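Shown here is one chain on its own, the form deposited in one PDB entry, set out as C-alpha cells.
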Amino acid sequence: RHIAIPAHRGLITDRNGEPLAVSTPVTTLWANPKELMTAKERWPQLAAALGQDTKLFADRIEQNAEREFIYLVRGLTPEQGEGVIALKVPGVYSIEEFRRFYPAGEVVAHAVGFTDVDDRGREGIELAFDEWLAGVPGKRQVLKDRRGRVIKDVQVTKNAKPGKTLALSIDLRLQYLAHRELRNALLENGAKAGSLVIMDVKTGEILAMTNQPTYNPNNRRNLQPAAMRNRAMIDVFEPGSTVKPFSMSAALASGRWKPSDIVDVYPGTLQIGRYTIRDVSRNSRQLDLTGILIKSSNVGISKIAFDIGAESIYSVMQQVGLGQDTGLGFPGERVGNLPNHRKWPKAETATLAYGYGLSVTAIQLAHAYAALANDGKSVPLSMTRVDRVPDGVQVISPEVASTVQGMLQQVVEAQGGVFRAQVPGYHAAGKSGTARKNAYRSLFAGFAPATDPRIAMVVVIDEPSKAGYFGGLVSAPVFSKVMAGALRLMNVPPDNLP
C-alpha cells in the first residue's frame, strides 16, 4: 500500500567544512513478483544485467510469487539504474535513494562511523546524531488491482524533509597528522594498536581521535574485527603515572604541601605492612614535588598520599572526569571505574595515588589534562564544533592548576626529564606512564604551549607480547611531532621566546 520516500541525510563536515559523510543519490531496483511472474522469459536478461545467477534469481522470484514488493538490487548509480529500467521488464521499478560515501575514509572512520543498508546511523557520529542527520521520510500510496497491476500511484501521501548538516569538532588536518604519526610510531616500535586524542583545552572540542588499526567505511566486507574497535573511547586501562599530576593537585590544595617541599624516597622501596611499594627508577633519596614527577617515584607519591588522605585524591580524579561519564552519548563509549572506597587503607591509598587503583579511557585522560591545562576549568567534551563555549566548572583552583602546569613543564624541559616530548619553538608539559589492563600500554599525556596552554594530547601505544615500552621513549616522540604540527596548523604563536 505504501512505499517510503527516503530523505536526503544531513552532510557531516569537519570543523572547517571538509566533507566527511555525504548522502549521494543512488538508484535501487524493486519488483512486484506477481507481475514479474507473467514475464518469465525476461528473467535471464534481468538476472544477467544484475550480475546474478539465473537459477538463484528465478528461485528467489518463485519463492516470493505471492509478494508485491521485493528488492532486486540497492545502491546502483543513476545511469546503471536507468539501463536496467530501459529493458522494460514488467513489474520492475526504480526508487531514487541515498547512500553514504565517506570522502576521508579510514582517516576518521571510528569518529564518523557509518549507516546501515536502510541509511540509519549504525556507528559513531552517524548513530549518536541520527535524529539530527536523518530527516523525515516521505510516503507514496500504491494502489493495484485485486492482484498485481499498478492501478494508481494516485499521489505522494507526504513529502520528504531532508536531514540537517553537522560540523564536527574534528579538524581533518590535525586528524590526518595524528593518523600518519600514530601509524609511523606503531611501525617503528613493532606495535599493532593504539590511539591518539587531541583536545582544545578552552572549548572541550575533540580536534582529533584516531585509532589504529583503522578501516575503510566505504568497503566494509569482512574486515579484521580489531579494526572496528574505537579504542580511544572503548579501551579501558589503569592510567598509572599519568594521573600522578592529579594526586599532586590534591597535595597542593590540601594546604600541607608546596612544590619545594621534600620527600625522602630512598632506597626506592617502601614497606607498608605485608606490601612493598617499588619505584622503577631507584637512584634517589630526597626529591622535591617536581622531582617525584621527573623520577616517577611511586614511593614519593604514596608518602604524600598517606599525609593528605586518599579522599582528597579520589575527589580530584572524580572532579576531572576520570572513570566518569563524558556526556558525549557516543555509541559504545565506556566509563571505566574509579572506586569510591570511602575509607582507604594504606595499600589502596598508594595504588590510587600512582594510578593503578582506577580504570579510564584515553578520551577521559585527555579531558582530565584539558582541565589542568585550562587553568583548572573543565569544559564539557564535544564531538561537534563548539561556537558558544559553555562556562564549564572550576574543578581545580587556578593557583594549583598553574603550579602543576609548571611542574609538568619541568618534567619535559628539566635536566633528566622526558626530553623526547619537547616541541621545537614551544614550551611543552606532560607526563609519561605505563598503563595496565597483564596487558600494558605506553602513554604520554601533555599539553602546550606550556606557559599559555591551547591543546591537550594523549598518545596510547599498545605493548605487544614482551615489555620494554617506556612511555618516555615510545609515546613522547609522537606527542612532540603531533603537537608541533597541531600548534602550527592552529597558528599558535611560539611561547619559547627571549
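Each form is matched to the other, and the largest set of C-alpha atoms that superpose within 1.5 Å is called the rigid core. Counting begins at 1, following the sequence as shown.
J.: Using what the record says, work out whether there is a hole in the model between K437 and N438 and how many deposited residues it spans (none, 1 to 3, 4 to 9, 10 or more).
T.: In the record, 10 or more residues between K437 and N438 lack coordinates.
J.: Could you settle it for me: does 159-167 or 237-245 have the higher average Cα B factor in the PDB entry?
T.: According to the PDB entry, the answer is 159-167.
J.: If you average the CA temperature factors as listed in the entry, which stretch comes out higher, 220-228 or 204-212?
T.: In the deposited entry, the stretch with the higher C-alpha B-factor mean is 220-228.
J.: According to the deposited entry, which of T403, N298, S94, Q364 has the largest Cα B-factor?
T.: Each of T403, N298, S94, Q364 was compared by C-alpha B-factor; the highest is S94.
J.: Highest recorded C-alpha temperature factor, please, choosing from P259, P103, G355, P78.
T.: Of the options given, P78 has the highest CA B-factor in the PDB entry.
J.: Please place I277 in the lowest, middle or highest third of its chain by C-alpha B factor as given in the entry.
T.: Middle third of the chain for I277's C-alpha B-factor.
J.: Among the chain's modelled residues, which third holds the C-alpha B-factor of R173?
T.: Tercile = lowest for this residue's CA B-factor.
J.: Splitting the chain's C-alpha B-factors into thirds, which one does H179 fall into?
T.: Answer is lowest: the recorded C-alpha B-factor places it there.
J.: According to the PDB entry, is the CA B factor of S195 in the bottom, middle or top third of its chain, that is, lowest, middle or highest?
T.: CA B-factor rank for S195: lowest third.
J.: Per the entry's values, where does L443 land by CA temperature factor relative to the rest of its chain, in the lowest, middle or highest third?
T.: Within its chain, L443 is a lowest-third residue by C-alpha B-factor, going by the deposited values.
We do not show the form deposited in another entry, though everything after this point is about it.
J.: If I align on the rigid core, exactly one of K164, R285, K152, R278 should have its C-alpha move by 2 Å or more between the shown form and the other one; which residue is that?
T.: Result of the comparison: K152.
J.: By the 2 angstroms cut-off, has the C-alpha of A467 moved between the shown form and the other one once the rigid core is superposed?
T.: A467 C-alpha, core-superposed: shift of 2 Å or more.
J.: Quick one: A476 and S465 C-alpha atoms, closer or farther in the other form compared with this form (3 angstroms or more)?
T.: Closer together, which means the C-alphas of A476 and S465 are at least 3 Å nearer in the other form.
J.: Compared with this form, is the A476-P464 Cα separation smaller or larger in the other form, the difference being 3 Å or more?
T.: Their C-alpha distance shrinks by at least 3 Å in the other form.
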